[PDB]
Amino acid sequence: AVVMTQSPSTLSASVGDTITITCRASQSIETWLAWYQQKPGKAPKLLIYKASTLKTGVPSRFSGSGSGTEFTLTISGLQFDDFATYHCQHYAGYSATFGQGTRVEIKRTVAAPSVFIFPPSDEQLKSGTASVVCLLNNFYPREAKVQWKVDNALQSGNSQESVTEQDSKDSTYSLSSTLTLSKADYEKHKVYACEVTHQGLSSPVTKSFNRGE
Amino acid sequence: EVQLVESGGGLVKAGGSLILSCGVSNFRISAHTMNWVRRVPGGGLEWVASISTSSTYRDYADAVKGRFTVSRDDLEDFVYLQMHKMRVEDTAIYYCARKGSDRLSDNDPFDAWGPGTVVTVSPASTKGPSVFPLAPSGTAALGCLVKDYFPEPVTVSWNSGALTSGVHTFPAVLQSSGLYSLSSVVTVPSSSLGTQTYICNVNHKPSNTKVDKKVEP
Ligand SMILES: OC[C@@]1(O)OC[C@@H](O)[C@@H](O)[C@@H]1O
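Residue numbers (this note's numbering), protein chains in the order written: chain D, 11 to 223; chain E, 535 to 751.
This is the structure we're talking about:
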C-alpha cells in the first residue's frame, strides 16, 4: 500500500520567510497528491491538488511541485495566518492516505519551563476528590514530559494534560497536568511530586509538597 | 433462526444526539419494511419510525417527527435511527422490528424483533462548574481549577479583566466522567502577594452560572 512520509515534523520560522515542506511516496503516484491546511479545532482546508493546482481563493504565496514520488509545498513569504499544520495526502479512486502532518510555528529561542505544583484545596478534598495540578509555564519548543510520583512511586494512568497555542506576545507554550485521586487514596500518601523533562533543562526538574503542610 | 441486533444506545444529555443501528441474521431486509419501536418505563410500547422497501416511504411518530431520521442499507442489511434534540421522554428500550416474514403480504404485523438497546436521556442539558483555588506557594503562579461543567465553554477573567498580562487559560479536557474541566493560571510578582488580591471571574453561560473565587496563600 502507498505510504506517505512528510518532513519535517515541525517547522519553525519567522514571518516573511519562504519555507518548504516535503512528502515522499513509497511508490510512484503520478501527481495524485493534495495539500491541506489545518488549524486547531477546525476542519482541514484543501489548498493544492494534482500536486500543483491551487484551489480557487488560495493565496498565490502557496505553490506545489513534484511528481512520481517526491512532492514539495512552498509558502513564499509566511504571514501570521499561515502558522498551522499542513498535511499531504495521496488520493486514489477508493482510498486515500495522509503523511503525519507538519506543524509550522513561530520561531523563538529555547525556553525551559518554569514549573509549579498545586495541592488540592481543602474544600475539594472535603468533597472526596483530590486534584493535584502541575503547571509548566512559558516554554519552547512544545515537547515536554510530565511524570507524577507519590511517595516516590511512579504513577501511571491517572493524569491528563493540556497545552496552549503559542503565546501571542512571546510565542511560548504552557502546559497543565492534573493528577486525580480519591480522598482515601490521597490521604494515604505524603509526598506529591511533579517531575519535568524538556530539552532546555539539563536535568529533570521536580516540584513537590507534603500533604497538609 | 432469524434475528435482529440493535447497537449504540447509552446515556444522553437532554438536547443531545445518539444514532442506533440494527443488523440482522438469517434473512435479507430488502423485501421488508423495517421499523423502530420503544418500550417506555411505564411499560407500553410506542411505534417510532418506519421505512418501506427501497426507502420509498419513511414515517415517524408525531412525538419524534422532525427530530429522528430512519435510513436503511439493503446491501449490507442495516437499519439506522438518528435521534436529535433528545428529551427525557425519549428514555426507553429501542427495538428494531421486521414487518412481514416468509409470509409477505400488503400489510403484515411485526413478525420479528431484536432484544432492544437501552437509551437513557438525563434531564439536565447543562451543569455549572465547581471552582477551586490554585494557591500560590521573583515571580509567583496562581490560578483557578474549573471542574465538572457541561457543555463547553467556560470563560475565565481575572480581577474583572484588569489583569490580562501573564494569564493562560488552558483548553478544556473532557474527563472520563463526561464532564469538562479546565485550569486558568497567571504569574504575578511574588512581592505583590501579601498585598494585591486576585479573583478569577468564572462565567458559564449555558448554565447561567457566574463564580468569583479569591485565590490567596
Ligand atoms: O409495509 C408494507 C409491506 O407490504 O412492505 C413490505 C413487507 O414488509 C410487508 O410485510 C409489508 O406488509
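Built from N, CA and C at the ideal position, the CB exists for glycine as well.
Within its chain, find whatever has a CB closer than 8 Å to the CB of residue i; leave out the 5 residues flanking it on each side and keep chain order.
i: D:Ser38; result: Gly78 and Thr79
i: E:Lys633; result: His566, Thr567, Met568, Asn569, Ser584, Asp642, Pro643, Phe644 and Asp645
i: D:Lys198; result: none
i: D:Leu211; result: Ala122 and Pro123
i: E:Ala548; result: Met620, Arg621, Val622, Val655, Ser656, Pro657, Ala658 and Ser659
i: D:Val68; result: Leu57 and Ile58
i: E:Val749; result: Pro667, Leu668, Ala669, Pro670, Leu676, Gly677, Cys678, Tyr732, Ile733 and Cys734
i: E:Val688; result: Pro663, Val680, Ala706, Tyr714, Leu716, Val736, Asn737 and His738
Given 8 Å as the limit, tell me if residue i has its C-beta closer than that to any heavy atom belonging to ligand 1.
i: E:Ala631; result: no
i: E:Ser639; result: yes
i: E:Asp636; result: no
i: E:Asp611; result: no
i: E:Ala565; result: yes
i: E:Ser586; result: yes
i: E:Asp642; result: yes
Name, please, each residue of chain D whose Cβ falls closer than 8 Å to the Cβ of residue i.
i: E:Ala675; result: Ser124, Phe126, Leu145 and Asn147
Below 9 Å on C-beta distance, what does residue i contact in chain E?
i: D:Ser184; result: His702, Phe704 and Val719
i: D:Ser131; result: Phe666, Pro667, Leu668, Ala669 and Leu679
i: D:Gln134; result: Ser664, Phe666, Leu679 and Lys681
i: residue 2 of chain D; result: As displayed, chain D neither begins before 11 nor continues past 223, which places residue 2 of chain D out of reach and without an answer.
i: D:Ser86; result: Simply none; closest approach about 32 Å.
Could you pull out every residue in the same chain whose Cβ sits closer than 7 Å to the Cβ of residue i, ignoring the five residues on either side in sequence?
i: D:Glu175; result: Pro50
i: D:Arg71; result: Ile85, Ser86 and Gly87
i: D:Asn220; result: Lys200 and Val201
i: D:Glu115; result: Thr20, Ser22, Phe93 and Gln176
What separation, rounded to the nearest whole angstrom, lies between the Cα atoms of residue i and residue j?
i: E:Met620; j: E:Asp642; result: 30 Å
i: E:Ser564; j: E:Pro649; result: 21 Å
i: D:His208; j: D:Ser36; result: 33 Å
i: E:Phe666; j: E:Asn735; result: 12 Å
i: E:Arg601; j: E:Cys556; result: 19 Å
i: E:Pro657; j: E:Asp746; result: 27 Å
i: E:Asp607; j: E:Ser639; result: 22 Å
i: D:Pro214; j: D:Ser172; result: 20 Å
i: E:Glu540; j: E:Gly712; result: 24 Å
i: E:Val690; j: D:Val143; result: 17 Å
i: E:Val613; j: E:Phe561; result: 14 Å
i: E:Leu708; j: D:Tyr104; result: 34 Å
i: D:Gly222; j: D:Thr30; result: 54 Å
i: D:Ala154; j: D:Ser181; result: 16 Å
i: D:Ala140; j: D:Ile127; result: 13 Å
i: D:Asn147; j: D:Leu185; result: 7 Å
i: D:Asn162; j: D:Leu191; result: 16 Å
i: E:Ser559; j: E:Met617; result: 25 Å
i: D:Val12; j: D:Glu40; result: 12 Å
i: D:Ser218; j: E:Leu676; result: 16 Å
i: D:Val160; j: D:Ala203; result: 6 Å
i: E:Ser589; j: E:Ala631; result: 16 Å
Under 7 Å between beta-carbons, which chain E residues line up against residue i? List them in chain order, please.
i: D:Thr174; result: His702 and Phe704
i: D:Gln170; result: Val707
i: D:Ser178; result: In chain order: nothing, as chain E lies at least about 11 Å away.
i: D:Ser181; result: Residues of chain E passing the Cβ test: none, with the nearest at roughly 13 Å.
Take residue i and list the residues in its own chain whose beta-carbon comes closer than 6 Å to its own, dropping the five residues that flank it on each side.
i: D:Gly76; result: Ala61 and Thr82
i: E:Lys681; result: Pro663, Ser664 and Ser715
i: E:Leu679; result: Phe666, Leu668 and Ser717
i: D:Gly111; result: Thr95 and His97
i: E:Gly550; result: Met620
i: E:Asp593; result: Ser584
i: D:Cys33; result: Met14, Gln16, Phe81, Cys98 and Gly109
i: E:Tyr629; result: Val571, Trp647, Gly648 and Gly650
i: D:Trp158; result: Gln165, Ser169 and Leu189
i: E:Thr743; result: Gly662
i: E:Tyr683; result: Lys661, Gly662, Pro663, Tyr714 and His738
Quick one: which chain E residues come within Cβ less than 8 Å of residue i?
i: D:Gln209; result: Here the premise fails: no neighbours, minimum Cβ distance about 21 Å.
i: D:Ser166; result: Residues of chain E passing the Cβ test: none, with the nearest at roughly 15 Å.
i: D:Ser218; result: In chain order: nothing, as chain E lies at least about 13 Å away.
i: D:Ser192; result: Correct list: empty, because the minimum Cβ distance to chain E is about 13 Å.
Kindly say whether residue i, judged by its beta-carbon, lies nearer than 9 Å to any beta-carbon of chain A.
i: D:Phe126; result: Absence of chain A from the displayed structure is noted, the protein chains being D and E.
**Asked** In chain order, which continuous runs of the beta strand (DSSP E) of length 3 or greater are located wholly inside the stretch 110-187 of chain D?
**Response** 112-116, 124-128, 139-149, 155-160 and 169-173
**Prompt:** Which whole runs of the beta strand (DSSP E) in the stretch 625-698 of chain E are 3 residues long or more, in chain order?
**Reply:** 626-633, 644-647, 651-656, 664-668, 673-683 and 689-692
**Runs of alpha helix (DSSP H) lying entirely within the stretch 21-109 of chain D, each at least 4 residues, in chain order** = none
**Request:** Enumerate, from N- to C-terminal direction, the unbroken beta strand (DSSP E) stretches of 3 or more residues contained entirely within the stretch 580-605 of chain E.
**Result:** 592-594
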